[PDB]
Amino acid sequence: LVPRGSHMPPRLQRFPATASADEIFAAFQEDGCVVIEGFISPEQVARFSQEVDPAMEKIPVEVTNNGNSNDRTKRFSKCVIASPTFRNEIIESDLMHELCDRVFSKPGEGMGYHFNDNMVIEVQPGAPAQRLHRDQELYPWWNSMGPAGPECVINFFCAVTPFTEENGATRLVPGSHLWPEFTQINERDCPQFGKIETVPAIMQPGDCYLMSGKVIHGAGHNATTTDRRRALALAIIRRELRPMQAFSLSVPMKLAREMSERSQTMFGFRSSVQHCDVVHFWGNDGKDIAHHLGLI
């Protein structure tokens, strides 16, 4: 695309949502991130945006006097409550669960993952760029295991409205999941500070990128005047890690009863069973918590 002799920026691989999960996972392993085009259908993504739009209108845009604050970005996590399309269809992506199993699920131990968050992230016009970071920084000890550590968290980060370089599409650093040392990206700790090359995740509505918690990234500057850049972050963690949202305590049981068993597991309405040499996480005295809740 660029004239010969031009520097070539890093490559984000792209696959259709009809590609095999093995093909997409291979790219995720090589680079730490990969675009899945059509992850959500344009009709599903439009119904979702319409369904969460009243709640987004009620959230005020926060403007502050520190640019390093990551302001002018609306954030909304009650996707299940607000959106039938989200809870009936979006969280039922088999391709999403196929990839989560290839990341998180251990032999004969059931689902190895659950939801960390379901966040609509709408970056307002003029919002400053977000600091470069790894998402596993949320679990502060994880970087110390280096690239040899297991996965903490992954994110299916979906374009709800278009992602462009101008409106603040996430800037990603492919291959940063393989750097020898994982530090915070600051002047004191990161030798490459200020010299780190990123690439934007350009996406159409319904596209998503799957991104390892080991990948350096940061929301871009929204340099536009009118583009509210809407995203949906499906953040998925190991079953042994604590979620950012107490979904089982805020999502009503009426909606829990309508969930598939794997979706109840995702939100903590149903337990999981790990094997330690010769134990339930999130259980109830040896039983699945789903018994006590009436979920059978």
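The first residue of the shown sequence is 1; numbering continues from there.
In terms of unmodelled positions of the deposited sequence, the stretch from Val278 to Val279 in this entry skips 1 to 3 residues.
As recorded in the PDB entry, 181 to 189 is the stretch of 181 to 189 and 136 to 144 with the greater mean C-alpha temperature factor. Comparing the deposited coordinates for 264 to 272 and 50 to 58, the stretch with the larger average C-alpha B-factor is 50 to 58.
Comparing the listed residues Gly194, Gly213, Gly149, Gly218, the entry records the largest Cα B-factor for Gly194.
The entry assigns its greatest Cα B factor, within the set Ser176, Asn155, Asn167, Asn116, to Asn167. Annotation for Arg228: CA B-factor lies in the highest third of the chain's modelled residues. In this PDB entry, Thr85 carries a Cα temperature factor that places it within the middle third of its chain's modelled residues. In this PDB entry, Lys78 carries a Cα temperature factor that places it within the lowest third of its chain's modelled residues. When the CA B factors of the chain's modelled residues are split into thirds, the value for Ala27 lands in the middle one.
The PDB entry assigns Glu109 a C-alpha temperature factor belonging to the highest third of its chain's modelled residues.
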